[PDB]
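# Analysis of the macromolecular model
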Amino acid sequence: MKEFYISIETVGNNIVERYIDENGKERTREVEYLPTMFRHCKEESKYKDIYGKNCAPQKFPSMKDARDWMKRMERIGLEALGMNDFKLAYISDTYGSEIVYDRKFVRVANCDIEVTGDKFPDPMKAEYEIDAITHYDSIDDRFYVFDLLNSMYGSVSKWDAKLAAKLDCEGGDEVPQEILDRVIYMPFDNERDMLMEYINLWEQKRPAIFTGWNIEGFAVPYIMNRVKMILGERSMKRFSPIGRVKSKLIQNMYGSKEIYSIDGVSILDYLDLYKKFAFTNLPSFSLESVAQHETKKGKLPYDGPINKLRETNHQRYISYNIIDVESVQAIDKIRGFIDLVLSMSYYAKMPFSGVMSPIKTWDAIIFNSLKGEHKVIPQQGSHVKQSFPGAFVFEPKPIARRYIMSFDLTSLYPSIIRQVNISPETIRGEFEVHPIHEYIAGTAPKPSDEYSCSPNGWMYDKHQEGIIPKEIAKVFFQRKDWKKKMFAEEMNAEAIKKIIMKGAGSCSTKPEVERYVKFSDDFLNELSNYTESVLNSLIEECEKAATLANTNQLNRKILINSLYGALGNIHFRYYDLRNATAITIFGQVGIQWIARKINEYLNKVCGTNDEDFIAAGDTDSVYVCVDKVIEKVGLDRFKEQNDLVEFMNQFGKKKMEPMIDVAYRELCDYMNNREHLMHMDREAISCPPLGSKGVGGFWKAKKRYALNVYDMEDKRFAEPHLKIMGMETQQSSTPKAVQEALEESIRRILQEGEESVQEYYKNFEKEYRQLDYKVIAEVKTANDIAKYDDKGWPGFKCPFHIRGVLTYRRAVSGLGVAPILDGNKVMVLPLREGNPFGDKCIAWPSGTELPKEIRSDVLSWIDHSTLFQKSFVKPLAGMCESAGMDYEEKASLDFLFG
Amino acid sequence: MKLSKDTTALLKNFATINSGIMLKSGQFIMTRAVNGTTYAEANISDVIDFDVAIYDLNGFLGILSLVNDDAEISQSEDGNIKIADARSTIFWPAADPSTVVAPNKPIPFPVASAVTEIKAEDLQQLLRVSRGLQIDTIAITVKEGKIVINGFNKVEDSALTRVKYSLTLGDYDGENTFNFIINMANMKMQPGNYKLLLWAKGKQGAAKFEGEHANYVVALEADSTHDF
Amino acid sequence: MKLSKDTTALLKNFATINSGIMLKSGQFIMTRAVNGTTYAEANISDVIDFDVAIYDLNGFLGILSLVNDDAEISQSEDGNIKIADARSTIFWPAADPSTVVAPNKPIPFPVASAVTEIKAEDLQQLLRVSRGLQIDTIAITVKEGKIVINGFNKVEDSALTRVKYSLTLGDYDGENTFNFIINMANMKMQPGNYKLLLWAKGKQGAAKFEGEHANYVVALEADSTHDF
Amino acid sequence: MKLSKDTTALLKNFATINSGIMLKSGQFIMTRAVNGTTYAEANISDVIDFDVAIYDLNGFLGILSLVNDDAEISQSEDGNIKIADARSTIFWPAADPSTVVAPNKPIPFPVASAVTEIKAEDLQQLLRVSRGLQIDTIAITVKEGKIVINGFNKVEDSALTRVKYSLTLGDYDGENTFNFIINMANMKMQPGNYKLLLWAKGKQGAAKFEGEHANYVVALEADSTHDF
DNA sequence: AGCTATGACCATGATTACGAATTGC
DNA sequence: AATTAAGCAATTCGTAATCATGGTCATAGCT
């Protein structure tokens, strides 16, 4: 096991690097690094710049010397190249080659502090004392739980594992016993010994990576503020490995955000991680809600103020803290995120925190690639942020389209980058720009035939590959290689499973298996002769290999999808506004071009004229309407729905797809792009059930559509499944019960027809009155209530949910319940006529419940009608009226006047 | 043509139901609404001699009230509408038949399933008070052997149960029982005595408020039930 | 019940004071400002036999004015209010007595420092001019031995030193001096001849307007001065 | 000094065109458009003793109407306007004459190229149709030897080629021909019988309406045609 | 005493801007 | 000391201001 870095920091003119050895022990060292940059030189040198101009190396004895040199160099306004951040240069020089890592050499720490008080524990105040602490260590896979017995806010008894393992009906806490099997209890009667023990455990068991649920929000700040106020400055300093803990208070407009960085340890939050890589937004962002969403695990429900729970049950208090840390670890295990960031950083050879910014990692990887080809990285130049035009979006006709075919480009932006061969160095010049509508109709002449052009009006170097396209090809090749490895391992696992279920052998010696390769049939026959234990060991090894391959491929996917956001940014090193504008403009041109071509071809085949068959779409995705083709052929010939589905599948795969491909070949011919790459694929098939008076699909506006999909990609669905997008169903704002009933209504309109919609509307009308008050509420989000907070009453231009928040704060100020702050989703409810609170809406933290003194008052004045019509009736009416349906049979004089 | 003030008021009501109109030669006027739930017909004292369609009747009636009644109205030389006064002349564009919703033909209302009479005062009270209490919908049904009406508020009572307004209508000697529900929005007849002819079959009936100056026809709601 | 149209007018003028009102049995009607600076009482010739509290007074008096005057009022079988005329019965909902600000008992207030009489038309004129000139406040005072009222605006003349309007009640019989400042948002009295009664002790003070039907009490402002 | 009811009405009419006004001593009242497109003047029977610039004239007439016509207007102690009544006193500030837009001297009207008369009913009906037909342009011309007025919507009909409205004023026995375009906003005259005079010199053109109380002068559009 | 016409008032609706919130490529 | 860090296009509701539109009680008028 080769040595690989764990953390890197700069102190003075020295780099402190903590890392792992050959046998797997975490140790640190200091290196007085020697910075080695490059400057422009007229004499020919091996290391040339981006454009080919020569660069002469320059060495300094210290980082400060190089920084001062750069200062006096920029003072004379002369260009000097190299890598500014000496940490990246040092870490690249130290390793250079690839890095192989193991998860048992990295210490992941999941901490959580539970503190009671009369008022919400403010990290700025740090007034109360931390009477419960949990710290899970990954390498020890051990929870360390420390409980304060005596406190000014209450004295409690000692916690028990057995009692915490008992059922609630038996007075227990239902904590899993396998957890307490990995739990070490250090109770303390006094806070002083508590703090000292935590500090020395931190110092002896120094975590390589620290993460937690909104850790930097409260966990880190409150602890550091408490130790600072109780033991001066040495307290916090000694927490850091090298006595370097720095305050980074981000005083926003609304409040303050104290940020503490422990230098030498990669302090990385986990709430931001779920808010960055998960791509799914929940009605709540509490730990309990996300835990219920990921691990289906529900903590024993509690009713009352959190602080008052300790005074009634300390056992359940500690149990809740333990289970919440356990849930954090569990959701990470099922999601696989910390390993993801670690893999990304090791692949790109940058400090762990560099995962937080795609600019950073792309800069590092490009630096590494250019160092591999012996080139010189240019310095960063100042710029000004400018909003270039974005992605063109169609305007669908809000008419329910029965038959829709979807088509899409795969990874549009990287394909554009590589196809057009664009890069900050490949710039050659600008051409006479023609009006865009000329290009969309293929009427404007060729801007140039010697350089690859872009309809933003530029020509860039031909023949020569661009560095960014080079790296795009590299990452694409690695991605497809990793996916083929994944497929091979999947086939191996399936073959071993079928062998085992057919029958196992009696060989108890585990043989050697090459990773990331497909097993041969002879190999499978050999493996069929082994014992069950060996087979299971091979299965788990294959599963772990598959997980690593999935991590690699998903990291590559994140990199490629993030490169587009990386390229357009002032702080980016290879930033070039013209390049990004070229990319987006070319995307718009291509999508509108193919839109016109599709309309032309569909008019040709269907025989009509000037018909807009292209339903809608945006960048890399166009949905067209093809019901006219079905009418041309006829619905009677299909005995079953699947017959229609397979017919339209064949029609999509064999009839127009070559036309799209040849249209894009003609496109790449018209342009001077290096290579045609815009592969278009059929995406999904939308059609109503045969014979049913359903509608099949509809839209409401741009980026708003509901399509009953029968076969997305090629994965044929036995029953059709709905792919609703943009509508109120996906929105978190809609209440959960309203969300589900609305989704059922949408399914009914898509599949059955109007009458089912009306019947279910009546059923929901008669049920909605008798529903739980928890599942009918808009959730929205409170941001800067202080901006609209004015003496317990709404201010000017006061947003609705903020008004409800103010009403709730009026209601429960002095009641000592959990208060509402920014970020916390606040479910709101409307109040009718004369409410005791004094306003029409009241808002409580999402997921939470109202304490019983106000529960009766709220349930006595819940305005069922207004909410029912402003959350469920109104969007339903919008959808149905966009689909030629009415939810309530109204009728007319058609019996007679007709 | 000369349109007497009573004809102007009747046209104003027919504008309230529908902002546009079409008319043919004669003395019989028929106007529908876009939603199709309302119909109206009448026989004005004056006579129309030329067919024409008007898009914005409100301004039309306003300007005709501005000018003398004797001032003649006719179709202009360009196909539009011209009105000549003793000293002035006005021109109004002609609405096309397609651009204004118009009723197809006179409606053959079948034999009435039930019949009653409402006096002007009671109808005026109902129309004036349904806004005060947000009485969205009305029901006409058989209570204690007499036909009566009662107001139900739909916005809060989808079940149609909470009795807020209730007015006695009159006797009804019939073994049949019915529960006709009508949207207040379609209740747009001009204040006056009316004879209710209510018909129903299958799932769609109608109500004919007939009066000396015009007859109005209102659709019934699906909630309306009947047993014969 | 059978409330005269004068009773309805009194109720309507009471609605502008407080959104809702209680109704105790008898001949006595009173209500008070939500902020408590204004209070109104009156004796009604019509007889009240049962108590009920209602929040939406304006709509209720409106619908009552809508119905025929012969109608009768009682409490519903569901705890609401029901009003029935010759042919129609209506059910106006009743309210939870908690919501309404219910004054517990009328203020007898026997003694006072100053007394005068203001005519109806002068009150009307000063109310109209206060509306026109945005006169937010007035002050009843004595100058040249004359009971007078002077109007000013706080939002512009914060010190209230520049007079924007003046009216003389008359001469002052006594020799005591005072200057009572009264916000104009309090003035809700029915337009009629009133007898003005001024009292003030230390910090607190009171201005009363007595009419043939109703009497009004308002509290002076914190800058009101008095020495007797 | 006192203002009679007719004077109040006339100044009310005059406020319709200009926000402010100058009140000069004597029996002459003057006003000019804020953009100077229209002019008006009148003679009263009340002797004026002082000049004062008035900015919020609509409020001034509103407050004047609320009091009796025998109220006296005087120069207040603080360089403003005082209204003294039998029992009420009002202080309305006087605006700065520099900021108030008004002519510095009366403008005599030269000889008229065209002479005719317009009845009060004609003015009323043309203003009403201008409101109803949302006209913006009026072309006064001579057709068949008759001085007439036609209405054209310049925004919709830039060529004024569609006579939506027309009205004949008089019989003109002259080879002189003209066609003058005027915007409606210039027309602010009070209803009444008037005499119309037209006077143009090449590009320059203007019209004048004379009545028994007040007179108006209106600017014309430069696109007007004329051969005299 | 009652229909007729006018009139500001007050309600209300329609518009339009703006900000806050949230997806989706 | 590191510069501190995806991009844009799109949709919907509430508020607010603001005007316009329209009943309506209020007011002047003739039968």
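Sequence positions are given from 1 along each chain as written, possibly unlike the numbering in the entry, and residues without coordinates are left off. Note on labels: chains are lettered from A, ligands numbered from 1, in written order. The basis for every side-chain value is the complete set of non-hydrogen atoms in the structure, without hydrogens or water.

Labelled according to the PDB entry, chain B appears under the name Sliding clamp, originating from Escherichia phage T4. UniProt positions are given in the numbering used here, feature names are shortened, and annotations may be inferred rather than shown by experiment. Quoted verbatim from the Sequence similarities heading of the UniProt record, the comment on chain B is "Belongs to the Tevenvirinae sliding clamp family."

Under the PDB entry, the name given to chain A is DNA-directed DNA polymerase, and the source organism is Escherichia phage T4. Of the comments in the UniProt record for chain A, the one headed Function (unreviewed entry) reads "Replicates the viral genomic DNA. This polymerase possesses two enzymatic activities: DNA synthesis (polymerase) and an exonucleolytic activity that degrades single-stranded DNA in the 3'- to 5'-direction for proofreading purpose." Its UniProt record, at the heading Catalytic activity (unreviewed entry), says of chain A: "DNA(n) + a 2'-deoxyribonucleoside 5'-triphosphate = DNA(n+1) + diphosphate".

### Digging into the sheet that holds strand 6 (residues 80-81) of chain A
Residues and elements named next belong to chain A. Strand order across the open sheet formed by three strands is 5-4-6, with antiparallel pairing between neighbours. The outermost strands of the open sheet, each flanked by one partner alone, are strand 5 (55-59) and strand 6. Bridge count between strand 4 (residues 36-40) and strand 6: two bridges; the pairing is antiparallel. Bridge pairing in strand 6 links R39 to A80. By definition in these notes, contact holds between two residues if any of their heavy atoms fall within 4.5 Å. Fitted lines through C-alpha atoms give the axes, limited to the stretch in contact for helices. The angle between two N-to-C directions lies from 0 to 180 degrees. Elements are defined by DSSP. Helices are runs of H or I of four residues or more, strands are runs of E of two residues or more, and each kind is numbered from the N terminus. Across the sheet, helix 1 (residues 63-75) lies against strand 4, strand 5 and strand 6, angled at about 15° from strand 4, the strand it touches most. Strands pair, by our definition, only if DSSP identifies at least two bridges between them.

### What about the side chain of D157(D)?
Residue position: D157(D) is located in the loop between strand 10 (146-152) and strand 11 (165-171). Polar contacts, as counted here, are pairs of nitrogen or oxygen atoms within 3.5 Å of one another; within protein the pair requires one atom able to donate a hydrogen and one able to accept it, and residues that are adjacent in sequence qualify only if both atoms are side-chain atoms. Of the polar contacts made by the side chain of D157(D), one reaches the backbone nitrogen of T161(D); its length is 2.8 Å.

### With respect to the interface of chain A and chain B
On the side of chain B, 25 residues touch chain A, which itself brings twelve residues to the contact. Buried area adds together the accessible area that both of two parts lose upon being put together, with accessible area traced by a 1.4 Å probe. For the pairing of chain A and chain B, the buried interface totals around 1,500 Å² over both sides, and the portion due to carbon and sulfur atoms is 60%. Taken as a group, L893(A), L896(A) and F897(A) account for 45% of the area that chain A buries against chain B, more than any other trio of residues on that side. In what follows, salt bridge is the name for a side-chain nitrogen of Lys or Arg lying within 4 Å of a carboxyl oxygen of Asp or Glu. Where chain A touches chain B, the interface holds zero salt bridges. Taken together, chain A and chain B are joined by five residue pairs in polar contact. Its residues assigned to classes, the side of chain A that touches chain B shows five nonpolar, three polar and four charged. We call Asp, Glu, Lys and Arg charged. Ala, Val, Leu, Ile, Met, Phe, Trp, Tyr, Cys and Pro are nonpolar, and the rest, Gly among them, are polar.

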